[PDB]
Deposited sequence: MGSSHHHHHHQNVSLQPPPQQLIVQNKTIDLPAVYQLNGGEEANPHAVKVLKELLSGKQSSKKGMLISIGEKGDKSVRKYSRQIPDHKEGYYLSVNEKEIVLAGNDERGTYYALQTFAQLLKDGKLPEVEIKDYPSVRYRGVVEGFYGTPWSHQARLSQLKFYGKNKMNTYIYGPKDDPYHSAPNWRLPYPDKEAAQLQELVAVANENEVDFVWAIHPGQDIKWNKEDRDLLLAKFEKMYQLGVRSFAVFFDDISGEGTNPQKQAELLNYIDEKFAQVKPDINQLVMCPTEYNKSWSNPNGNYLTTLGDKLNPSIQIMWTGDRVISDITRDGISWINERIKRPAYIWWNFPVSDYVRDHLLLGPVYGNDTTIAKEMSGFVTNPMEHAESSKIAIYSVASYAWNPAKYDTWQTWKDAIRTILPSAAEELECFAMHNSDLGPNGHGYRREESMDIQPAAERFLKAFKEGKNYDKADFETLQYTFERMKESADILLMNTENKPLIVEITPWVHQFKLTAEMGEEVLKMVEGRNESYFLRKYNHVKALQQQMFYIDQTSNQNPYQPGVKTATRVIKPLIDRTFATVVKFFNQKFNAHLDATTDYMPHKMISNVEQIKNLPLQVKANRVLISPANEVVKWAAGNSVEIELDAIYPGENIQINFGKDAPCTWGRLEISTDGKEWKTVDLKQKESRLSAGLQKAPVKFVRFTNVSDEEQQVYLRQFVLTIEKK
């Protein structure tokens, strides 16, 4: 399974051994990066003018002048051939030769190559990743790993633009990077070049830029500094800003100035890209004409980025046609998946889908904006690389599975199981959702409805859920201890813990359904309650970011199933034995009674999704949003004036909608 799949491929049953004795032709002429790969593959073998001939080089080189008619005439294209006599590795250009070797490495199996003939090239000119999310920027080591990953999957673009990098955005975009960061960026560019990736440094000056000579010159000075560090591609982002920086005329004038006074003056600058303020259709204002102004004034060689019909959306034919009409050029797609900086309590490990597969000529580029979890994002990145190179042959599920098997060969099935139930985003402001747990969804839906109505559920459906919960535990435990991709495991470990707890809770609830005698049911009930508390603990101690703290997993299908199944069987138990067991599905140490919604704890905040009772006395900070008071014993009370009032560290245990307290 070659990924990306080549444009043209012909194979037949013939096994060629990786020759013990080879003759390299064009090792001096070909792309040095491609040669280094070939020599690592050919290491151990003998090099001489005897044995099998191996021709490598670019179109025009002496080594492959013979096969020049087979070499596709596209950028980054190449021709690859293997048979009993000769191996050919000829690129249309140097990057093409490199890509020929990346395919060749996939063909090599047990030192045996298939008799194949390949003519290949990308359908989309620029393909890769934009690190453009809010949150903790990728570590240096993560980025180094990413760049090698891009090379292997023929992604030629990495756009550096972490929103929370102070030297990328306001106010310190005017300042050069410190020596430490500068040295690191320098290395990244070098490693990017070694993997045939264009390192595109982006700048985000819009929020506080003044349209004068001072800021213009400082921007160019900053660009000049990056150039000295080795950067040869550049970008200017005007996304998520207000004020004068949103002026389309001024944006275009600035980019054209950069183009003519810097990009065209330098001898070796490649990509020049801008992200508009109106970067999707829904945010595009029809009463004005921001986009058509950019389209007309911005020099045509300059790329304009676009996220689709919405901030989070999949690219359609009518969608790309709509934007292209206005910007007078093929849009440079910025796809906001698997970025999760607005649902930071979720991992988005599902397959890549939704994007039209016939519109390759309608886009100048396609890059993905990923999670701040770098390794975890490789599932989607690997898939986008496949899609972008050969959209006509893009296989959603096969590529997903191939990605997982590549990222974690030693535990691919376990990672599949985990990712299968960690793909949906849950409710969010963008209304963007993904499928999850569709394998077991039908059995869960039938089981629960039959259980609710008091009908007999299918034995098969019950056993499916049992198998699933069991498999989830195996996967969670094996993943925790996996040492093949340690950085990956560090990223997902909190979710894996929550994942196992979900599975354990699921098992115990099904036993409550199966349960015959009373004391056994009660044992299971108490165990579930304890597991709920454990999930609460993880939710409060892991991933404690300011926006969506905590750890959520298997939210679309499985947790609702377990919660509703637990509530129902407890309800039936109370009816039967005249008991009054609590059917609460999520642990909450605090309480709230009123003239009624579930409470939630987020960081040092207690909130309603009336009287609240905390599990202890804390110093109060404020109460942001019958009377309004506070108390420590629930007998004596103390009123506060809402001016959303302050508490001034006053001891509080009762409150009569968010309460903030001190640690």
(message) So, counting the deposited sequence from position 1, which segments are absent from the coordinates?
(response) 1-13, 609-613, 628-640, 657-666, 685-690, 704-718, 726
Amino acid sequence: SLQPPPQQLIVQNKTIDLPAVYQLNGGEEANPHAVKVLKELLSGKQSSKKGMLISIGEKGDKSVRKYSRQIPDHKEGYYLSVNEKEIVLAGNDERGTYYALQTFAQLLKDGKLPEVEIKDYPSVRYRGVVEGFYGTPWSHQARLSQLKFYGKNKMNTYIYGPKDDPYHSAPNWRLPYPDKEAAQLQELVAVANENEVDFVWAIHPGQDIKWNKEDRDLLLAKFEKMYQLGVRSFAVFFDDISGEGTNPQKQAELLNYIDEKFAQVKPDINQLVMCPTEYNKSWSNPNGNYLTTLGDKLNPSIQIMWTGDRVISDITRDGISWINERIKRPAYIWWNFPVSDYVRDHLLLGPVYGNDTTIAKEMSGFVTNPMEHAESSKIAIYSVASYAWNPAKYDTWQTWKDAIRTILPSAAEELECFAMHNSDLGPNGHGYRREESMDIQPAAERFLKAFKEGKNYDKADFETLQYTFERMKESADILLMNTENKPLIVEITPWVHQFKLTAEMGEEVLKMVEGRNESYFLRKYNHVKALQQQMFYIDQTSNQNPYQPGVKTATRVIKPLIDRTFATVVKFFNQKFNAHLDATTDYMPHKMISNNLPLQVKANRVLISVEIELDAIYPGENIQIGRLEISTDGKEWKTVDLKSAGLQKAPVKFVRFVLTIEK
From here on, numbers count along this sequence of modelled residues.
(message) With neighbours modelled on both sides, does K49 go without coordinates in a third or more of the other PDB entries compared?
(response) yes
(message) Given the other compared entries that model the residues flanking it, would you say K635 is unmodelled in at least one third?
(response) yes
(message) If you average the CA temperature factors as listed in the entry, which stretch comes out higher, 81-89 or 389-397?
(response) 81-89
(request) Check the entry's C-alpha temperature factors for 456-464 and 551-559, then say which stretch has the higher mean. (result) 456-464
(message) Looking at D110, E131, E491, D477, which one carries the largest C-alpha B-factor according to the PDB entry?
(response) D110
(request) Would you mind checking which of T541, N369, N193, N517 has the top Cα temperature factor in the PDB entry? (result) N517
(message) Quick check on the deposited entry: does the C-alpha B-factor of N172 sit in the lowest, middle or highest third of its chain?
(response) lowest
(request) Could you look up the Cα B-factor of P286 in the entry and say which third of the chain it sits in: lowest, middle or highest? (result) highest
(request) For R143, return the chain-relative third of its C-alpha B-factor as stated in the PDB record: lowest, middle or highest. (result) lowest
(message) Ranking every modelled residue in this chain by its Cα temperature factor as given in the entry, which third contains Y98?
(response) middle
(message) What third of the chain does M363 rank in for C-alpha temperature factor, lowest, middle or highest?
(response) middle
